Amino acid sequence: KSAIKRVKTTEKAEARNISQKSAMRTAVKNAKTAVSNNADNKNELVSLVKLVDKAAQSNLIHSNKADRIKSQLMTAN
Amino acid sequence: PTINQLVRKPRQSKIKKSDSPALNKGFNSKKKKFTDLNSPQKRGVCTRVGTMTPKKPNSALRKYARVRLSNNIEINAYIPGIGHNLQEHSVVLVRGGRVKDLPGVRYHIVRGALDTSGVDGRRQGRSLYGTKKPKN
Amino acid sequence: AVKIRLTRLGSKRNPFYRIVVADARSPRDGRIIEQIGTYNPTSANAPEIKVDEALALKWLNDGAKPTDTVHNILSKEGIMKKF
Amino acid sequence: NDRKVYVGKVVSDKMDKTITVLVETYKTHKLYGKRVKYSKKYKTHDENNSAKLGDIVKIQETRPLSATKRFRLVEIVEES
Amino acid sequence: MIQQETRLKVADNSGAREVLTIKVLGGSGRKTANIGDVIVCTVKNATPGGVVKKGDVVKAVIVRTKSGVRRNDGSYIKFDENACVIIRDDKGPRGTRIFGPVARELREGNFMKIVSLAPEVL
RNA sequence: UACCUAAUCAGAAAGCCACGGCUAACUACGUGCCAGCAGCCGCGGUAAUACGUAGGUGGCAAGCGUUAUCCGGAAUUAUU
RNA sequence: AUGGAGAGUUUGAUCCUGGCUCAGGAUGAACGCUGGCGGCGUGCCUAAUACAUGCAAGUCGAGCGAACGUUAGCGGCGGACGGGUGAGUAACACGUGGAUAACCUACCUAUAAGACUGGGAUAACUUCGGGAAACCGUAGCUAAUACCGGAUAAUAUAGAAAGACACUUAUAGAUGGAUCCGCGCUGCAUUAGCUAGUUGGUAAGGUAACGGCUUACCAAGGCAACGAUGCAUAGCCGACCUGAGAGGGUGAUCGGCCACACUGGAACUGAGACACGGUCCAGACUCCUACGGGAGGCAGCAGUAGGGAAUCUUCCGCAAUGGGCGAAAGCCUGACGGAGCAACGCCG
RNA sequence: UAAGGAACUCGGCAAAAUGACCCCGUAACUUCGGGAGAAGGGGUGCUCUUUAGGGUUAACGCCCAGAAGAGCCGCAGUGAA
C-alpha cells in the first residue's frame, strides 16, 4: 500500500524518467574539460560557499562520486 | 608414460543385499527413474492363481497367486491362512513379511484391504487375518 | 526510531526479552547497536533488572526512547536529571 | 595499528621485481587427533635483498598493489 | 491445388508435424481440392508425445495454400505454403491452438471452432 | 469448570496375546498331513489342552495383535 | 571404570573361529479394533500433487482548492516485509574468529544551521470527440514544512520550504553489506590422473578492495594425491539416543541465516531485489469472448482434484504481542490470537 | 512452364540435380594400405586504405594477393563455356 523508497528501492529509484539524471551528467561532463581548458567554473576554491550555501541551497548529484570532486573543490582556497 | 598409483586399499564395508524386495520402490513416469520414498508397503493387482502341489518340508498341495504391485513390479505373492478372496482384478495390500523355506513364492499377502475380508470361521485371532464380528 | 527493543529470543511461547538499543525497521531479532544487559520478569528470583547500559549513555542524545512501551522497566535506569 | 611479521622462505623467483614467499600454518584433526602442517603462499615486492632456495626473508604487512603479492618487504632473515 | 501424394504442414498442437494426402472427399472423380475442403491423410512426422502418433489415418481441413482462392468481389489471397488442421468428426479441432493466419472461407464451411482460435482471419 | 476428601445420584479396567514350550502360562470335548497352529521350535497320516470352541492360566497396563525405522542381542575390516 | 557380552548352527554329545534365523527397548506412524474424562503438543510424514476462491495493508495539511482535526487528492510513505513450501550452493553458501595497507559504511537523529538566495508551476478543479469493456482523441490549468547552484568553513596547507503556545553543509547518536584463513564435503579396481596466464610479472578502470579482469608478455609433460580435475548432490547450525565408560551417532524440532517465486532473458528517476500478485521480450498455459483480448500464486490463508498399512476447519477476534501508515486522534493487519481437531501420549 | 513432386512404369528408362578452385570438418569397418573427394558446412565481384609474402627487384617502386580494415553496385559475383 505504502510506496517503498527507504528500504529495497535499488530498482524502485531506477524506474522513471532519467532526463534530469542525464541533464546532470551533461553538467558534470566538463569535470576534466574545464580543468584542461582552465575554466572559471572551478575558480575561487574558498567556496568551491559550497558548504554554507550550495549543498542545501541547490544540489542534485551523486554521493561518493561527488565527494571525490567535493574534496579538491571547496577546500583549495 | 606417467600413470603411477599412490592411495592404497582402505577398509571398505562388507557387501549386503536389502531384504524384502517390494518396499522402497517408485518408478517415475516424467523421469522414468526409481524414485525411492522409503515405503514399507505398496499396492497390488491380483491377476493369477498358483498351485504349488509338490515341494519338500510341506507334504501338502500349496499355491502362489503371482500379484503385480505398483512401480511395474511382479513378485510371486501368496495369501497365508484360509482366506479365499473371490474378487479378481482388485488391489490387495502386500503383507509385510516373506515366506520360510518355500522355493517359488518369496512374499505374503495381507488379508482384506479393499478386497474379500475373509471368513468368520476363526475367532481366536480378533486382530489380523481380516477378523471382525466381535462375539458380543 | 532507535529505542530499546526487547530481543524476543529463546524457546517457543516463552521468548527471553533483552532490552537493547535496536531500530524500529528491525523488530524482534534485528540489530542491537547498544545492548543493555537483559530484563528478567520471571518474578521468582532476586536478580531481575540486570540491564548494563553503561555504553548506552551516548545512545541517549540522538535517537533513544521506549520500543516495547517499558516505562517502569526504564524507571529503574534513572540516567536523566543532569541535562 | 601497524604491520605483521610474515617471515618465511622464498622458493620461486620471477623477474620485474616479483617473487613468492612460503609461510607456515599448524593443523590438527578435531575428530581424530593426528598433527599435520601446511604452508601458505604470498608474493613480496623485493629488489635484490630477497634471494631464493635458502635466503630467508622477514616480510611485513603493507599495501598489496600486485596480482598475488599481499605484503612487501626486502628485509631478509638469512642468505643462502 | 492439393491432390494425391501432397505433403502439408500441420498448423496446430495435436502432435503431428507433417501429413500426406491419401484421398480428396467430395465426389467420384475429384482430382484436386482448395481451402475449406476435407481430405484423408496419414501422419509422416510427429513430435514426442501428443495424441496423434506416426502412421495414423486421420481427417484434416486445408486452411492455407500456395495457390490462393478468388473472392466474388474480384479479390485474391495467396499464402507462402500449404497447411491444414486435424479435425474430428463434427468439424472440431483435435488440438487446442492454431499457428499462422487462416482464410476467411472457413466461416462458410461452419468451422466457427477453428475460426475462433486462429490468431488472424483474412 | 486442576489437584479436588462436597454435594455423597450410582456414572464401570476391560482386554488381547504365549500356554508342550522356548519364556513368568490348561482343562475337558471337536478335530485327526482335511483345516488350524505356525519368530524359535514345530505340532497335522488318531489318542497335535500347540489345533477350534467353552472353564481357564502368565504378563502388563483403559485397550490390544500388526507393518517399515537405532541400539540388548555379540564386536561382526577387529578400533579395545 | 555406577563398571557390555543368550543359544542353536556341524558326528550320536562335541569344544574352538565364523555369521546371523532367533530372550529387548525404541517405532514424527498408521493399523483389524473392546480406543470411560481430560491440561498439553504434532499433524498432504503418502505430495515444490493440478487449480474456482474468500485474498498483500492503508493513509495523511504544524505545509495547500468539496457540499461541509484533515474532507477536497497530490506529497511522507512495507508490495522484496510479515509469509509459503525447502528440488536449488557437496560448499564462507551456511556452521563457525580475529579482522580488513581487500574495506565501503547509503542509512537511520541530535547539534552547528538562520530560514537566505533564480523561480515558473504541479493532482484535484477538470474546455473535455468518441469508443460494449479491448483506447485514443479535446485540453487550460491550481497548490503543498512536494520543489531550484555559484561566489564566504570539511583531505588547502583552485545555511530553508517553515513547527506551537519545521529546519540544512558539518558531523555525531547511529548503522547494512564484501572480505583473509582456522573448522564441517562420496567413492570409483567392474574408470586410476588434471590444470596450460596450470605457475608467479607490472602497467587502459572502478566497484566493499589488490587486482592472472583485460592490460605487454609469459614454460617442460608440467601440475597435482591434498583425486585439484570428473561425480555425490544437500538447505547449514544450535540438537536427541547412545558402550557402563573406550567406542558411536550428529536433526524432528524451534529460531537465525541460504533459497525459491509458470519458464527463461534484457533493461528501467526517488535511500540497501530481480518483484509472493511492476516492466518489456519470447515460450505453452488459464479462460470468457463485440475480433479484440485478458493472462498464472493455489510459492499468504482455507478448500475442489492426488493416493496416503501412514494426518488439522473454505470457524470467530485483533484480548493482547506487534510494527507500517500516520502533531495527537485517526488508522492498518488469513502477522498474530481464540473455537473445530485423533488414543496424538494423556495416568490418574 | 502455374499447384503438386514418382501418383508414371516390368523398372526413376529418359530428363533434371551435383561439378572448378579455397577453408573448416569427416562414421561403421579393415588384410592397417584403405574406406575418403566419406558425409556435412562455409567462401569468391569492384574501389580505397593499411603492412607486408617468393620476388623482376634496394623496395614494402610497378606487378603478381599475403593478411587487415573501410567502402560501392545488382534479382544474381568460378555472373558465359
# chains A, B, ... in the order shown; residues from 1 in each chain; ligands from 1
$ residues_around --residues "residue E:107" --least-positions-apart "3" --cutoff "12 Å" --atoms "only C-alpha atoms (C1' of nucleotides)" --output "PyMOL selection string"
chain E and resi 35-36+63+102-104+110-116+118+121-122
$ select_by_dssp --residues "chain D" --states "strand (DSSP E)" --output "PyMOL selection string"
chain D and resi 5-9+19-22+25-28+35-38+41-44+56-60
$ write_last_selection --atoms "C-alpha atoms" --output "mmCIF file, in the first residue's frame"
data_model
loop_
_atom_site.group_PDB
_atom_site.id
_atom_site.type_symbol
_atom_site.label_atom_id
_atom_site.label_comp_id
_atom_site.auth_asym_id
_atom_site.auth_seq_id
_atom_site.Cartn_x
_atom_site.Cartn_y
_atom_site.Cartn_z
ATOM 1 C CA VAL D 5 55.727 -10.483 10.698
ATOM 2 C CA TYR D 6 55.293 -12.763 7.619
ATOM 3 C CA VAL D 7 58.814 -14.322 7.871
ATOM 4 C CA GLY D 8 59.381 -17.443 5.696
ATOM 5 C CA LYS D 9 61.476 -18.970 2.859
ATOM 6 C CA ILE D 19 58.805 -13.263 -6.103
ATOM 7 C CA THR D 20 56.537 -15.532 -3.961
ATOM 8 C CA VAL D 21 57.277 -16.461 -0.285
ATOM 9 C CA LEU D 22 56.348 -19.622 1.719
ATOM 10 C CA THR D 25 50.383 -22.961 9.423
ATOM 11 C CA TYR D 26 49.721 -25.674 12.086
ATOM 12 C CA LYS D 27 46.822 -28.150 11.520
ATOM 13 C CA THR D 28 45.279 -30.843 13.816
ATOM 14 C CA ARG D 35 49.007 -33.439 13.999
ATOM 15 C CA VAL D 36 49.881 -32.244 10.432
ATOM 16 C CA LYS D 37 51.065 -28.944 8.827
ATOM 17 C CA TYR D 38 50.514 -26.553 5.852
ATOM 18 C CA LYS D 41 51.866 -18.823 -0.440
ATOM 19 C CA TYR D 42 52.280 -14.989 -0.502
ATOM 20 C CA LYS D 43 54.377 -12.975 -3.033
ATOM 21 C CA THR D 44 56.558 -9.991 -1.935
ATOM 22 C CA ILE D 56 65.098 -16.360 4.384
ATOM 23 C CA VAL D 57 63.197 -13.001 4.494
ATOM 24 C CA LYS D 58 61.014 -11.255 7.152
ATOM 25 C CA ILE D 59 58.122 -9.751 5.082
ATOM 26 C CA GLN D 60 55.918 -7.181 6.934
#
$ residues_around --residues "residue H:72" --least-positions-apart "4" --cutoff "12 Å" --atoms "only C-alpha atoms (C1' of nucleotides)" --output "NGL selection string"
:H and (45-48)
$ interface_residues --of "chain D" --to "chain G" --cutoff "6 Å" --atoms "only C-alpha atoms (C1' of nucleotides)" --output "MDAnalysis selection string"
chainID D and resid 16 62:67
$ write_last_selection --atoms "C-alpha atoms" --output "mmCIF file, in the first residue's frame"
data_model
loop_
_atom_site.group_PDB
_atom_site.id
_atom_site.type_symbol
_atom_site.label_atom_id
_atom_site.label_comp_id
_atom_site.auth_asym_id
_atom_site.auth_seq_id
_atom_site.Cartn_x
_atom_site.Cartn_y
_atom_site.Cartn_z
ATOM 1 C CA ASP D 16 60.115 -7.465 -12.879
ATOM 2 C CA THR D 62 51.856 -3.462 3.613
ATOM 3 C CA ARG D 63 49.679 -2.326 0.640
ATOM 4 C CA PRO D 64 49.332 -5.292 -1.821
ATOM 5 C CA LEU D 65 49.466 -3.441 -5.220
ATOM 6 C CA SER D 66 50.042 -6.801 -7.047
ATOM 7 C CA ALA D 67 48.141 -9.804 -8.531
#
$ interface_residues --of "chain G" --to "chain A" --cutoff "7 Å" --atoms "only C-alpha atoms (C1' of nucleotides)" --output "list in words"
residues 57, 58, 77, 78, 79, 80, 148, 149, 151, 152, 155, 156, 158, 159, 168, 169, 268, 269, 270, 271, 272 and 273 of chain G
$ interface_residues --of "chain F" --to "chain B" --cutoff "6 Å" --atoms "only C-alpha atoms (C1' of nucleotides)" --output "PyMOL selection string"
chain F and resi 65+67-68+77
$ write_last_selection --atoms "N, CA, C and O atoms (P, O5', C5', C4', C3', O3' and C1' of nucleotides)" --output "PDB file, in the first residue's frame"
ATOM      1  P     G F  65      -1.004 -57.960  22.459  1.00  0.00           P
ATOM      2  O5'   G F  65      -0.903 -59.194  21.456  1.00  0.00           O
ATOM      3  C5'   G F  65      -0.127 -59.102  20.247  1.00  0.00           C
ATOM      4  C4'   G F  65      -0.988 -59.421  19.048  1.00  0.00           C
ATOM      5  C3'   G F  65      -0.363 -59.117  17.692  1.00  0.00           C
ATOM      6  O3'   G F  65       0.295 -60.268  17.177  1.00  0.00           O
ATOM      7  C1'   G F  65      -2.450 -58.023  17.856  1.00  0.00           C
ATOM      8  P     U F  67       3.990 -58.005  11.232  1.00  0.00           P
ATOM      9  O5'   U F  67       3.980 -57.091   9.927  1.00  0.00           O
ATOM     10  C5'   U F  67       5.168 -56.396   9.504  1.00  0.00           C
ATOM     11  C4'   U F  67       4.799 -55.202   8.656  1.00  0.00           C
ATOM     12  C3'   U F  67       5.879 -54.135   8.522  1.00  0.00           C
ATOM     13  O3'   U F  67       6.683 -54.378   7.374  1.00  0.00           O
ATOM     14  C1'   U F  67       3.883 -53.135   9.290  1.00  0.00           C
ATOM     15  P     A F  68       8.152 -54.990   7.543  1.00  0.00           P
ATOM     16  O5'   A F  68       9.018 -54.136   6.513  1.00  0.00           O
ATOM     17  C5'   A F  68      10.170 -53.395   6.955  1.00  0.00           C
ATOM     18  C4'   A F  68       9.942 -51.914   6.762  1.00  0.00           C
ATOM     19  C3'   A F  68      10.871 -50.997   7.552  1.00  0.00           C
ATOM     20  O3'   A F  68      12.046 -50.720   6.798  1.00  0.00           O
ATOM     21  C1'   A F  68       8.622 -50.316   7.862  1.00  0.00           C
ATOM     22  P     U F  77      32.549 -55.340  11.189  1.00  0.00           P
ATOM     23  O5'   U F  77      34.135 -55.247  11.300  1.00  0.00           O
ATOM     24  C5'   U F  77      34.982 -55.842  10.299  1.00  0.00           C
ATOM     25  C4'   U F  77      36.246 -55.031  10.140  1.00  0.00           C
ATOM     26  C3'   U F  77      36.068 -53.658   9.498  1.00  0.00           C
ATOM     27  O3'   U F  77      36.910 -52.700  10.129  1.00  0.00           O
ATOM     28  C1'   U F  77      37.603 -54.929   8.234  1.00  0.00           C
TER      29        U F  77
END
$ atom_distance --atom1 "atom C1' of residue G:74" --atom2 "atom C1' of residue G:120"
18.6 Å
$ atom_distance --atom1 "atom CA of residue E:66" --atom2 "atom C1' of residue H:9"
29.7 Å
$ closest_atom_pairs --of "chain G" --to "chain B" --cutoff "7 Å" --atoms "only C-alpha atoms (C1' of nucleotides)" --output "Markdown table"
| residue | atom | partner | partner_atom | distance |
| --- | --- | --- | --- | --- |
| G:32 | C1' | B:127 | CA | 4.9 |
| G:193 | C1' | B:3 | CA | 6.9 |
| G:225 | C1' | B:6 | CA | 6.7 |
| G:309 | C1' | B:41 | CA | 6.6 |
$ write_last_selection --atoms "N, CA and C atoms (P, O5', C5', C4', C3', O3' and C1' of nucleotides)" --output "PDB file, in the first residue's frame"
ATOM      1  P     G G  32      -7.566 -51.580   9.747  1.00  0.00           P
ATOM      2  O5'   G G  32      -8.000 -53.017   9.215  1.00  0.00           O
ATOM      3  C5'   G G  32      -9.344 -53.510   9.413  1.00  0.00           C
ATOM      4  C4'   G G  32      -9.418 -54.610  10.459  1.00  0.00           C
ATOM      5  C3'   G G  32     -10.249 -54.286  11.692  1.00  0.00           C
ATOM      6  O3'   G G  32     -11.618 -54.560  11.422  1.00  0.00           O
ATOM      7  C1'   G G  32      -8.220 -55.355  12.331  1.00  0.00           C
ATOM      8  P     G G 193      43.437 -43.598 -15.909  1.00  0.00           P
ATOM      9  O5'   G G 193      43.459 -42.011 -16.054  1.00  0.00           O
ATOM     10  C5'   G G 193      44.510 -41.227 -15.456  1.00  0.00           C
ATOM     11  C4'   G G 193      43.934 -40.268 -14.441  1.00  0.00           C
ATOM     12  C3'   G G 193      43.715 -38.840 -14.934  1.00  0.00           C
ATOM     13  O3'   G G 193      42.515 -38.293 -14.398  1.00  0.00           O
ATOM     14  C1'   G G 193      45.180 -38.823 -13.081  1.00  0.00           C
ATOM     15  P     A G 225      46.102 -31.931  -4.895  1.00  0.00           P
ATOM     16  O5'   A G 225      46.445 -33.482  -5.027  1.00  0.00           O
ATOM     17  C5'   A G 225      47.795 -33.960  -4.868  1.00  0.00           C
ATOM     18  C4'   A G 225      47.852 -35.016  -3.790  1.00  0.00           C
ATOM     19  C3'   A G 225      49.185 -35.752  -3.659  1.00  0.00           C
ATOM     20  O3'   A G 225      49.443 -36.068  -2.296  1.00  0.00           O
ATOM     21  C1'   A G 225      47.484 -37.296  -4.208  1.00  0.00           C
ATOM     22  P     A G 309      -1.193 -46.559   2.260  1.00  0.00           P
ATOM     23  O5'   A G 309      -1.744 -47.242   3.588  1.00  0.00           O
ATOM     24  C5'   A G 309      -2.617 -48.385   3.499  1.00  0.00           C
ATOM     25  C4'   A G 309      -2.624 -49.147   4.802  1.00  0.00           C
ATOM     26  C3'   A G 309      -2.467 -48.300   6.061  1.00  0.00           C
ATOM     27  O3'   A G 309      -3.730 -47.824   6.511  1.00  0.00           O
ATOM     28  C1'   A G 309      -0.874 -50.036   6.091  1.00  0.00           C
TER      29        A G 309
END
